[PDB]
Each structure stands twice: as structure tokens, then as C-alpha cells.
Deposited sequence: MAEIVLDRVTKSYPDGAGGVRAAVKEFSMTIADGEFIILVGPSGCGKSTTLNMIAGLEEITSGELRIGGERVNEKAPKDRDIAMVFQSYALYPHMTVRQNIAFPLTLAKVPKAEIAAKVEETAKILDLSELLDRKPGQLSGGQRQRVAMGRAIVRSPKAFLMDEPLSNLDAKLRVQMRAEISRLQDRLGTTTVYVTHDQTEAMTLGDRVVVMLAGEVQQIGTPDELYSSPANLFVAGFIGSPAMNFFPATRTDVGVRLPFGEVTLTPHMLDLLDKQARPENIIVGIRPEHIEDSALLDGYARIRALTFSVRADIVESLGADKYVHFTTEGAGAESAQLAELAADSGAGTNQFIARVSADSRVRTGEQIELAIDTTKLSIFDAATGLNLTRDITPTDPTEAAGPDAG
């Protein structure tokens, strides 16, 4: 049910998790997401009971359960590597929690049958996990974790060992099944697409510190960092450096005038002229396709398309502008996995633009969807 945890820490004797604070309501589907080596698997274990909290307050229900054994707080877990016994038939696997809970045999069979009916494996109820496939093994694990009717259905990246074409259907199935079950379900995952498709409220963690706790909309349209701004979205945000120009900000290739009210509003907290404007790729459109009265206020500029990947209803024209821009700690800690370059800027152009690798285009760019950050600190200035 309601999983409260405030000021929960953990210190590997150097802290791995530090000052975690959230009140997971009932039914919600939390997604702990962050770079590899962060404090997400540690906090998932601390919730599950396999580890020991250090500061401590964790109320699964209405009582402090940071001391009860993993078997006594009644929270089901399904692991990344499909921890399921090969010496037990699928029925025995699914019945393991109940036979360890001393349930009558008739009720064991009834509950296993009902759980297998919820899923689509009521026919594989007699084959060993060895003679099974990936998706069927995943569903065996999820069924073993469902049969117990627990208080929190916490799971640890269960869709990591599946092919990229089956993982999408598995995401859809998990998000349709948790809706019918109705159990608090936290979830750790490394990529942002999972965090955006199946999630009621996401938690972006970095080196233990939780950066933002918000719905997958107030995480995308209102990030409060460079990390929760460049970490989410598949073609990640473009981070141009810039300096003030007394009328607005000056990008390496343009001059924008946002508004005077926003000018003095962002000048109430004056910065040491170290801000790095950020502009989503989805907000840079070709000029030849842009209608009239809109290209006049869209900061037109030309660039040589280094590579034009037209993979459907949109083409990701790459390009590069000379200068700098990797002038922050958030940005480097974020590019330690993506980017992999000084400045290599994507731009998603609508599929009508007729461009090829090496040609020339003028990428118009809306002057109302650029958000400006702080290089030194890292805190978004437009909207937090």
C-alpha cells in the first residue's frame, strides 16, 4: 500500500543513496530511472529488504518496517535475470510462495490456476523452465510474483533480457496488467522510454541524489536540471553555450529576443554569464517547409547536414557548429554515456524536406521553446 520513506540513506563503508524522500501512494507505478551505477538498485533492495537502511524510516503500510525480515513485510519481487528454479515445473515455480506460506493444496491449485488464467500460459503449466523461451520465462516469473497477492509489487528491470521487438509488447502487457491488479509497483530501469511509457510518477536519480520527482509530462516539459533535461527524450536535447547580449541571449549561430519581462525576471538572479541554452531536436524544422509569417520569427540559419537518417515520418539531420558548450558538471556526467562528442547536434526535420547527406538546408528554430540553464550550478532558469 502506501510506501512512505523519508530521509532514508545508505552508506557503503562513501554514500550510495543519500536523503531519499517520497510518499508512494497506493496503486501508483513509480519508475526509478538513472545512469548505471546510481542509487536505484540500492533503494529498490532497501525497499525489498535484502539490504539494511542506515538513517531509516520506511512504512510499508502504517508501521516502521525497516527491521522486519524480507519474508515478513509481504512485497513480491521479480528479478532482472529471471530467478526461477530449473528443477521445478512451472506449476511448482508459481506455487513456491504458497507452499512456503503453508497453504492448503486445494487453495494452492486454485490460486495457481487463476494466476495462469490471468496470464496466457495455462497450457505450459507442466513444462520445466529449461524447455521454454524468453517471453514465456518472463511471464512465469511475473506469475510467480503475482500469485501471492502482495502489498507492493516491486520489480527490478524485468524486460532487460528480451529482444528489442518483444520488449515493447512486454511493456504494453505489464502496463495493462498492473492496471487490472492495482498494487503499488516501483520499478527500476536504465532507459527513458520505459520510464515514459509505463509510469505514473518517475524519479530521476544521479549518484544517489534524486534530481526530480514528477509525472512523465512535468519531467519532459519542465525539467529542473541539465540531467533531467538531457537524460530523457530519445534524440537528446541540444546544449548550445551562450552569453548575454543586453536584449536576450546569443547562441553561437543566432541572436534571439525572448521577452523583456523574462529578461529582467531572469536578471533578478544575475548569473556570471555562464548559461547553456538547450533546444530539443523536435523544435528545429526546415525553412523551405515552414509557412509564411513564421519563418520571419524562427531564427533561420544554414548548416551542412553531416548525416541525414530518414527512418520514417521524420529525418534526423545531424550537424555541427564550432565552438564549445560542454562547460558543466551535469552535462559531462550526462555525456559519460551519450553524446560521445564535443558538439554533434541532431535536428528532427519533417519527412517532406528533400535533403541528402552533405547537402545544404536552413534549419529554422522556434524562439519560444528554448530553455536556458546554469553552467556552474545546473538549475533550469525558465521553469524548474
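**Q** May I ask you to mark the stretches of the deposited sequence that the structure leaves without C-alpha coordinates?
**A** Those parts of the chain that were deposited but carry no coordinates are 1, 15-20, 392-406.
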